[PDB]
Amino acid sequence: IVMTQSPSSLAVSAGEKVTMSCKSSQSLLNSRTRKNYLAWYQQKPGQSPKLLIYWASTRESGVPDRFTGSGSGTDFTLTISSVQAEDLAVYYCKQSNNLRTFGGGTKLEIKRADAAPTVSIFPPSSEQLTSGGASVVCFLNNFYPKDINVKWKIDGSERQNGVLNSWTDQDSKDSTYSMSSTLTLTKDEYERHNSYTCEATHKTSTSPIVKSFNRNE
């Protein structure tokens, strides 16, 4: 049996309604038990999947009214009457009529008001320098939307090599993002310059947020 979910991802604001599709290559209706063997699971980042709806429309102990499972045969739907901050997750459907098969998943994201990042910069640690490594870290915290840009400047010159970028998952409380940008040099490259600047560009402003320090401090 082949399970197909839709959409792969969508974003709505808190309070809005959402519908997710799940389709199977064969009917999941069991003629003996007269029930549809389709389940919905919720998987939040870094967490195990948790059961929401089983038998297509029966809500599991603990799950709120807000979730409703409908459908019969080969066409099923998960509805969230009103989405909240907790709902950030991928939603998986699973047939169990013939063994078990998971769908591909729907990731639920939240649209929210634009917010500007709080930007911090961190000089290397002595223990890393001691080992002959120099990581400079620019931290952008609690912004939205996700797309954001950091330019690194060393002694006024833009540096592009040795830079790594990583985001968090959308936050479960305020629906924002944070990201770190790391410039990684050898202790020797680092001690060859003084000014370390990272500039953060976001839609929340034309002018970049600038954070700097001087190695000689």
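One-based numbering along the sequence shown.
Higher average CA B factor: 157 to 165, of the stretches 66 to 74 and 157 to 165.
In this entry, 186 to 194 has the higher mean Cα B-factor, the comparison being between 186 to 194 and 39 to 47. Within the group 31, 61, 58, 178, the record's highest C-alpha temperature factor is found at 31. Across 130, 118, 81, 135, the entry's maximum B-factor at the CA atom is seen for 130. Per the deposited record, the Cα B-factor of residue 210 falls in the highest third when ranked against the other modelled residues of its chain.
Sort the chain's modelled residues by C-alpha temperature factor and residue 123 lands in the highest third, per the entry.
The deposited CA B-factor of residue 27 belongs to the middle third of values across its chain.
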